[PDB]
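A.B. asks: Here's a structure for you.
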Amino acid sequence: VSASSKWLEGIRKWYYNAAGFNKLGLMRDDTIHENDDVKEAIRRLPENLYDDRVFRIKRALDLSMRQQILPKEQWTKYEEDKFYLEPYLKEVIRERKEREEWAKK
Amino acid sequence: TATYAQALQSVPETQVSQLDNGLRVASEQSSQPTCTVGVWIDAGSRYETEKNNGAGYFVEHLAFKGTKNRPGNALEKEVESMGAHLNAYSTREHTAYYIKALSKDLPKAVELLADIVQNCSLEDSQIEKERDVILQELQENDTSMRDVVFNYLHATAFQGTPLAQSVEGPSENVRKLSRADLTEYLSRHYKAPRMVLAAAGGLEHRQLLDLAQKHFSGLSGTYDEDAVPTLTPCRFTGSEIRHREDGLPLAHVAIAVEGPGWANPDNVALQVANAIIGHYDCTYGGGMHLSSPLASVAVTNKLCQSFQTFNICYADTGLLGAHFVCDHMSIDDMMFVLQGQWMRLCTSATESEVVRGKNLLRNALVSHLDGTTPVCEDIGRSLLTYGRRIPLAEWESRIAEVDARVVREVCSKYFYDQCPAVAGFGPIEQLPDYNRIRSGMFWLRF
Amino acid sequence: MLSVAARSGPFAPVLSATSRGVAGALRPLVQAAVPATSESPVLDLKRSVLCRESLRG
Amino acid sequence: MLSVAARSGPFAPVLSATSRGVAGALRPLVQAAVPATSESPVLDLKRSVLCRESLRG
Amino acid sequence: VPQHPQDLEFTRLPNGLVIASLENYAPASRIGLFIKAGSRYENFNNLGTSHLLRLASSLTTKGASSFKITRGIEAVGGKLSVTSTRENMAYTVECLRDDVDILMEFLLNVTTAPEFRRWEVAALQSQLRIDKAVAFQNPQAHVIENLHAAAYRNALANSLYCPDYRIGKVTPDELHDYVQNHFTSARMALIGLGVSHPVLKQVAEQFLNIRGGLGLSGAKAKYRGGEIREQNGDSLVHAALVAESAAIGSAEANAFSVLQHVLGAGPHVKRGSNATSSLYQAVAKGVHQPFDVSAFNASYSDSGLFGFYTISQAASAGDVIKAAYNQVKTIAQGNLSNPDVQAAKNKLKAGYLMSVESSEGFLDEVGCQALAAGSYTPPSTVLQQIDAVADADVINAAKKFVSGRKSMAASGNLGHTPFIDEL
Amino acid sequence: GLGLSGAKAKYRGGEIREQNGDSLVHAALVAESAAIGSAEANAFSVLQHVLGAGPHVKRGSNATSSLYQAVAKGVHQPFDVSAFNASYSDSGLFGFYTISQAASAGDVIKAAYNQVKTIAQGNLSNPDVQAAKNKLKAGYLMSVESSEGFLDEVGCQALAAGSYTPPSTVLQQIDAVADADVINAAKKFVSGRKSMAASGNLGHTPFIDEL
C-alpha cells in the first residue's frame, strides 16, 4: 500500500483513504467479491486466519454502522500486509484451473 | 511386445476336441501343477421346467450326497482323503463341478467324475435322511434375501414366468419332492450329451480322449427320447413390487438393463456399454474424482449409498444395472441419473470413455482369461453357449472392431424407449409410477 | 526368501478406492455355511460385496 | 441387622424423575481435586448436576 | 516356446533396497511393492494411520493431484492398490504393460509423493468411519472380522480399522512423520511381473532411494494368552478358542502347518461332514451342530500362535469347547496314522499348491511369490522342505500346544460357555 | 425370591483392561478385602482407614497413609488409591481406585504395589491403630448421621442398618478393633488374586503380568 500502491493500491491506500478499504484497515484479500471459487476458497481457509478475518470483518461492519473509522494511526499499516489467501486462493486458482484443466481435457 | 493382440496370439492357444458320442472334450494344457479339473456339472439354475421345480436344487443338495461306487464318506475318502475340490455352480442352461488336483492325480477324480456322472444314488436312507437333510437342509435352507435382492433381481425382477422361471421352485414342491423327480426326473432330466468334458490345467488331451474312453466313455449313448423344447419368446414380468417393509432399515436398491445371457451379438458393445455404465461401489472411494458422472454427483450430492451395474442373463436378453442403497430419497434422481445417464448415454457419446471401458474390458478381459478356474468355466460356458471360443484376437477383434457410432445408434437400437429392471429393497416410495418412473422411461430432454 | 500370505479365511485387509475392501488372510474361519434354514439377507442399512471385472481375449 | 450403605464416593445409583440421578456409594474415589490449572468446564453437549430444594421453618 | 522361459530375477538393490524383477513374459502386467509398512512396523504413537493410509493412497499427493492422479489412475483404468498386511503394505498395479511407466510414474508418485494436505486429510477422516463400518460389518466382517476384531488380539489386531478413542485425531504431522518414521528402504520391496528387469531397474534407479526403519516384535506381545473376552449377545454364539503354533520361518513352522492340516480347515470340496480331523472328524463324531475350530498362524519372525477359530450355538459351548480341549487332549495323545501323515502332505502340500497358484492368486499367490515368496525353494525345494515333513515333532508338538499359555476368545455370553479358568 | 451369589463372580481378579486415551490417565488398581458381615469385615474397614480415603478436611497432602503419606513421600503428582468394599454376604474385595497421569503409572502403580508390600511389612504404630479408630470410627459416625444422611445414613439405618448395635454396641464391635488381623490381613491381601483396572494406554502403565 505504498506510493505507487499508495496512488494505485492507493486507490486502496491513499484513495482508499478515499475509497476506504485499507484506511478502514480492511483485509486486502477480504475485498474479493464473493464467488463460488471464492466460496470454497474460504472453506479451505486457515483457522487462526479465519478468526482474524472474522474480527476484521465484523469490526468493519461496526464502524460502518458507526459511520466512523479507526484512528488514522489505527488506519492500517501500509504495505506490510500478508497476502492471506493468495497462496491459498491462488492455489485454488490452479485448482479451478485444474478441474478447469482436465475439464478442458 | 507383440502387442495386446499379438500378445493375444502370444498368449498361447487353447485347444478343443469332440469325443465319440459326439462327446465334447476341450483342453487347456498348461503348466498348472495342480489344475481345475472341471467335470463341468452342466445342470444349471434355469434349465428346468415347471413341475420340475427344485429338482436341480435338490440335485445340487443331492450332487455330493453319496453314491454306490463310492459311498458318502468314501466319496469323502478318495475325494476328501485325496483332499480334492468339488463345486456345483448352477446357471440358466448349464453349470459346472470343479476338481482342484495334482495334475498327477488327473486320472483319479476323472474316475470319480464318471461315478459322479453315473453312480449318484437316490438312497431311501439318504432320500429319507440326507433328504431329511434335503427336506430339512433345503426346506428351510432357502431364505437368502440378497437372493431376495439380487434375486429379487432374479427371483423377482427376473420374473418366474416359464422363461423368466425362477430357480428353487416351490416349498409346496419341497414337501412334494419325488424320486419321480430323482428316480425319474434326475434321469428324466439328466442327459449326458449336453454334459461338458472340461479340461483345465497341465494336461494331455490325447490322454483326455484316452481316459474318456477309459471311464468317461459310455455316457450320452443313452440319451434323447422326448421333451426338448426351445425358448418361446415372451415378456418377463415388467413390474415392480416392494416387499413393503418399514422393517427394511435402509434401501438395498437396484436396477438393471439388459445383462448378457448366452446369445445376442449386440452385447459385445453392450458389455462396453455396461462398461460406460459401470458399478458405483459404496466401499469405493474417490467420488470427487469418480468416473461415472452419475457416481460423481452421487458423491457431491451424497446422492446414494450404492449402485452397481449388474448384468442379468438370458440368451439374447436380460438386465445389466446398478444395485443401489439409499434412504428415503435417492431413487428419483437416481433414474434421472440412471435413465437420464442412459438418456445421456443414448445421446452423449464421447470416444474417450469408449476407449476407457475398452481398457476396462481389456484388463477385466485378462481377469477372466487370467485365472485358472475363471478360464475353466469360461471354457465351459464358452462352448456351452458358443460351441466356439472367442479367440483372444476374436474377442479382441469384435472388441477391436468397437464402434462408437454403434454406440449412439446400437444404443438406440437396444436401449431406447424400453422398460428394463429396477428393484430397490425397502420403502420404495421414491419409486415413481410406471406412469412416472416409466414415464421417466421416456425422455422429454427431447 | 520373503513371505507374506496364504492360509485362507483370516483377515489382513485389502482395500482401495477403485476397488473395494476385503481381507482373506492366512488362517481359516470360513466353514460355517452348513445348516438348514440357510436363510440369508438383504434390504436394511448394510454394505454387501463381491464385485469384480473379468472378460476375454 | 440389615445393612446397605456408606463408604463414600463409589457408585450405587440413586435416581428419579422428580429428582435427578446420582451414585455416591460405598468406597472412595473422590480425591482428585488438587492440581493447579484447576480449570473446569461448561457450554458443550453435556449434562451437569447439583440441584436440591431446602428452605426453612 | 519362449526363449527358455524366463526365470524370475531375485535381487537386492546394492543400496539395501529389495530389488526384485521377476521377468514374466505373460501377457498382462503385475506390479508389486512389498512394504515393511505392514502392521509389524506399526507403533503405538499412532492408530489406524495404516487403516488411514490404506485409504489414503487417494490422498492429495506431492507433485500429483489426487484428482489428476485420479485422472491417470482413472485413465488407464488399471489395478493399483497397496495391500494391508501385518508384514507389508503392497503397491499393486496390474494392467496393460503400456501405461506401466505412467503406472510406474504413478507408482513412483504413489509411493514417493504424498502431499498429506490438511484440508484433504480432514475430509478423508469420515470415510474411515465408513471403513470401520465395512470392517465390522457382516458375519464375515462381523463374526469373522469384527470377531476378528473380537478374535485378533495383539498388535496384529492393531486394526485394519483404527481405534474409536483415536477417532478423527490423525495428524499430518503424523503423516509426514509416520512415513518418515515408518516408510523407508527398510520397507522397500519392488517386484516386477511382466516387465524389463532393466527398465524396472531404470525407473528404480532414477527414482527410488530411501532408508530409515525401526525396532521390535512386541511385548512378547504381551502374552496374556487367555481370553479376549467379549460379551456379545450373538444370537447363535460366536466363540473362538485359541491354541498356538510357532514363529514364521521357525524350523517347526512347517510342522505347525502340518498340525493345521491335522485338524485341517475348510474343505476343497464343499458340503461334507468335515470328516477329516479329530478337530473335525471328532467334531463329526463329537459335535452334532454348527461348529468350527481351526489353527491360525500369527507368524512373527519372533513368535507364533495357531488358535482354533470356533463357531457354534451357545448351549454346547462348554460341551463343544470342552470337547474341543478334550479332542485336543485326545489328539495330543499322539495317536496318528501314517496315511494321516502322508495323505496330510497331500492335503496341505496341495495347500502350498493352490496356495501358490494362478494369475490372480498368482499375483496374490505366485504374487505371494511376485510379492510374498522371495525365491523358489521350488515346489521342488519347498515341497522338498515340505517333503521334509516329519511326524514325531507333531507329537512332541501336540505336547507343545498342550504345554503353553494360549488364548481364548469370546463372542457371546458364557452362560453355556466355559471361561477357561473353569476349564 | 431366588438363589446365588455369583460365579464366585467369576474370579478373574485381574484386569478389566480399558484402552482409553484418557489424556491424563485414569487407571485404578484393585486390591481386595472381605465379605459383608464377615468377622474380618470390620477389620477390612480398618485397613481401609489404614490407607484411608478422602479427608474430612480439604486441601491436604493426604498425609495419613502409606497409600497416601507414602503416596505423599512416594508420589509427586495427581494420584489416588483407595479400597472398596464389594460386600456380598458371600465375598468381598477392596481395591484401590487410582488416579494419575500416564507417565508414572508403572512408577506409581508399582510403587503402589511397593507401598502395599511396604505396608504388608506389618510395621504399624499403636497411634496408627487408635487414631485410626478415631478416623474410621468417626466414619461410622458421620456415616450414621443426620436428617438426610439420616434418611440416607440413619436411613441407612431407617433402611440399611437393621438394629443398633449402638454406637455403643457397634462401636463396641468397632471398639472390638484388633490390629494383628490387619497384619495377617496385610498378608491376606498380599495373598490373593485381585483385579487391576485400566483406563488409558499402558505405554507407561504396568499390565500386572509384567508387574
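Ordered as shown in the C-alpha cells, chains take letters A, B, and onward, while each chain numbers its residues from 1 and ligands are numbered from 1 in the order shown.
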Would you mind aligning chain D to chain C, a least-squares fit over all C-alpha atoms taken in order, and returning the superposed chain as a short mmCIF file (atom, residue, chain, number, x, y, z; two decimals) with C-alpha atoms, in the first residue's frame?
C.D. replies:
```cif
data_model
loop_
_atom_site.label_atom_id
_atom_site.label_comp_id
_atom_site.auth_asym_id
_atom_site.auth_seq_id
_atom_site.Cartn_x
_atom_site.Cartn_y
_atom_site.Cartn_z
CA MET D 1 13.03 -65.68 0.62
CA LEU D 2 10.49 -63.11 1.83
CA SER D 3 6.99 -64.39 2.58
CA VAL D 4 3.58 -62.84 3.40
CA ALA D 5 0.41 -64.80 2.63
CA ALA D 6 -1.91 -67.64 2.13
CA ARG D 7 -3.73 -69.67 4.84
CA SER D 8 -7.28 -68.92 3.73
CA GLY D 9 -10.07 -67.18 5.63
CA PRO D 10 -8.46 -64.88 8.13
CA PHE D 11 -8.06 -61.14 7.77
CA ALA D 12 -5.26 -58.87 6.55
CA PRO D 13 -7.25 -56.21 4.75
CA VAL D 14 -7.05 -55.45 1.06
CA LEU D 15 -8.80 -52.27 0.05
CA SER D 16 -8.76 -49.47 -2.49
CA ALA D 17 -10.93 -46.72 -3.91
CA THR D 18 -11.07 -48.05 -7.47
CA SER D 19 -11.71 -51.41 -5.85
CA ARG D 20 -13.49 -52.28 -2.60
CA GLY D 21 -12.10 -53.75 0.60
CA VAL D 22 -11.51 -57.27 1.89
CA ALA D 23 -9.24 -59.49 4.00
CA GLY D 24 -8.83 -63.16 3.13
CA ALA D 25 -5.69 -63.65 5.09
CA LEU D 26 -3.70 -66.56 6.43
CA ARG D 27 -5.75 -68.85 8.71
CA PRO D 28 -9.24 -70.32 8.34
CA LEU D 29 -12.76 -69.47 9.74
CA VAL D 30 -14.85 -69.84 6.55
CA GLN D 31 -16.57 -73.20 7.29
CA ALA D 32 -19.95 -72.06 8.70
CA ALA D 33 -22.28 -72.44 5.72
CA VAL D 34 -23.80 -75.84 6.58
CA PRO D 35 -27.19 -75.68 8.36
CA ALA D 36 -30.81 -75.89 7.30
CA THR D 37 -32.79 -72.64 7.43
CA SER D 38 -29.97 -71.34 5.30
CA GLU D 39 -31.88 -68.17 5.05
CA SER D 40 -29.60 -65.14 4.32
CA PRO D 41 -30.41 -61.42 3.98
CA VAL D 42 -30.54 -58.05 2.19
CA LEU D 43 -32.51 -54.67 2.33
CA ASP D 44 -31.57 -52.97 5.68
CA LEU D 45 -28.74 -50.44 6.34
CA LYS D 46 -25.85 -52.57 5.15
CA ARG D 47 -22.97 -52.90 2.69
CA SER D 48 -22.73 -56.22 0.74
CA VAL D 49 -19.85 -57.15 -1.51
CA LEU D 50 -18.50 -59.35 -4.30
CA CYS D 51 -17.75 -57.13 -7.31
CA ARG D 52 -15.00 -57.73 -9.92
CA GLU D 53 -14.18 -57.12 -13.58
CA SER D 54 -13.23 -60.03 -15.88
CA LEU D 55 -13.79 -60.57 -19.59
CA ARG D 56 -12.00 -62.14 -22.51
CA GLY D 57 -9.28 -62.20 -25.13
#
```
A.B. asks: Near chain E, which residues of chain B fall within 6 Å when you count only C-alpha atoms, and what do they look like as JSON, numbers by chain?
C.D. replies: {"B": [7, 83, 84, 85, 86, 289, 363, 370, 371]}
A.B. asks: Within region 17-211 of chain F, find each residue whose DSSP state, derived from the backbone, is strand (DSSP E), and express the selection as a list in words.
C.D. replies: residues 28, 29, 30, 195, 196 and 197 of chain F
A.B. asks: Residues of the last selection are to be written out with C-alpha atoms, as a CSV table (one decimal), in the first residue's frame.
C.D. replies:
```csv
chain,number,residue,atom,x,y,z
F,28,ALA,CA,-7.5,-47.9,39.2
F,29,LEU,CA,-5.7,-50.9,40.7
F,30,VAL,CA,-7.8,-53.3,42.7
F,195,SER,CA,-8.0,-57.1,40.0
F,196,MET,CA,-6.4,-54.4,38.0
F,197,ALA,CA,-8.5,-51.9,36.1
```
A.B. asks: Compile the contact shell of residue 204 (chain B) as a ChimeraX atom specification: residues with an atom at most 9 Å away, counting only C-alpha atoms, same-chain residues fewer than 5 positions apart removed.
C.D. replies: /B:27-29,209
A.B. asks: Store the residues picked out above in a file with N, CA, C and O atoms, as a PDB file, in the first residue's frame.
C.D. replies:
```pdb
ATOM      1  N   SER B  27      -9.488 -78.848 -24.177  1.00  0.00           N
ATOM      2  CA  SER B  27      -8.254 -78.916 -23.412  1.00  0.00           C
ATOM      3  C   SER B  27      -7.584 -77.556 -23.366  1.00  0.00           C
ATOM      4  O   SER B  27      -7.351 -76.937 -24.408  1.00  0.00           O
ATOM      5  N   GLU B  28      -7.276 -77.093 -22.165  1.00  0.00           N
ATOM      6  CA  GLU B  28      -6.206 -76.123 -21.984  1.00  0.00           C
ATOM      7  C   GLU B  28      -5.137 -76.837 -21.176  1.00  0.00           C
ATOM      8  O   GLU B  28      -5.277 -77.020 -19.963  1.00  0.00           O
ATOM      9  N   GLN B  29      -4.068 -77.221 -21.854  1.00  0.00           N
ATOM     10  CA  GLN B  29      -2.936 -77.885 -21.231  1.00  0.00           C
ATOM     11  C   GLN B  29      -1.951 -76.793 -20.872  1.00  0.00           C
ATOM     12  O   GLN B  29      -1.586 -75.983 -21.727  1.00  0.00           O
ATOM     13  N   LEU B 209      -8.763 -87.894 -24.301  1.00  0.00           N
ATOM     14  CA  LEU B 209      -9.527 -88.864 -25.070  1.00  0.00           C
ATOM     15  C   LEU B 209      -9.350 -90.258 -24.501  1.00  0.00           C
ATOM     16  O   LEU B 209     -10.305 -91.041 -24.424  1.00  0.00           O
TER      17      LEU B 209
END
```
A.B. asks: From the list E:385, E:39, E:159, E:65, which residue is nearest chain A when using only C-alpha atoms?
C.D. replies: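 For chain A, the nearest of the candidates is E:65.
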A.B. asks: List every residue of region 6-133 of chain E that DSSP, applied to the backbone of this structure, assigns to helix (DSSP H, G or I), and report them as a VMD selection string.
C.D. replies: chain E and resid 39 to 41 49 to 56 66 to 76 100 to 112 118 to 133
A.B. asks: Name the closest residue to chain A among the candidates E:280, E:119, E:183, E:306; distances are taken between atoms, counting only C-alpha atoms.
C.D. replies: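 Nearest to chain A: E:119.
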A.B. asks: Could you make a table, as JSON lines, of the residues of chain F that have an atom within 7 Å of an atom of chain D, each with its nearest atom pair and distance in Å to one decimal, counting only C-alpha atoms, in chain and number order?
C.D. replies:
```
{"residue": "F:53", "atom": "CA", "partner": "D:28", "partner_atom": "CA", "distance": 6.2}
{"residue": "F:54", "atom": "CA", "partner": "D:31", "partner_atom": "CA", "distance": 5.3}
{"residue": "F:78", "atom": "CA", "partner": "D:32", "partner_atom": "CA", "distance": 6.8}
{"residue": "F:80", "atom": "CA", "partner": "D:31", "partner_atom": "CA", "distance": 6.5}
{"residue": "F:82", "atom": "CA", "partner": "D:28", "partner_atom": "CA", "distance": 6.1}
{"residue": "F:83", "atom": "CA", "partner": "D:27", "partner_atom": "CA", "distance": 6.6}
{"residue": "F:84", "atom": "CA", "partner": "D:27", "partner_atom": "CA", "distance": 4.5}
{"residue": "F:85", "atom": "CA", "partner": "D:27", "partner_atom": "CA", "distance": 6.1}
{"residue": "F:97", "atom": "CA", "partner": "D:29", "partner_atom": "CA", "distance": 5.8}
{"residue": "F:143", "atom": "CA", "partner": "D:6", "partner_atom": "CA", "distance": 6.0}
{"residue": "F:156", "atom": "CA", "partner": "D:5", "partner_atom": "CA", "distance": 6.0}
{"residue": "F:160", "atom": "CA", "partner": "D:3", "partner_atom": "CA", "distance": 4.0}
{"residue": "F:161", "atom": "CA", "partner": "D:3", "partner_atom": "CA", "distance": 4.4}
{"residue": "F:162", "atom": "CA", "partner": "D:1", "partner_atom": "CA", "distance": 3.6}
{"residue": "F:163", "atom": "CA", "partner": "D:1", "partner_atom": "CA", "distance": 5.0}
```
A.B. asks: Would you work out the distance separating CA of residue 304 (chain B) from CA of residue 279 (chain B), expressed in Å to one decimal?
C.D. replies: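 Going from CA of residue 304 (chain B) over to CA of residue 279 (chain B) covers 12.6 Å.
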A.B. asks: Please, which residues of chain A lie no more than 12 Å from chain E when the count uses only C-alpha atoms, and can they be set out as a count of residues only?
C.D. replies: 20
A.B. asks: What's the separation between CA of residue 6 (chain A) and CA of residue 73 (chain A), in Å to one decimal place?
C.D. replies: 15.7 Å
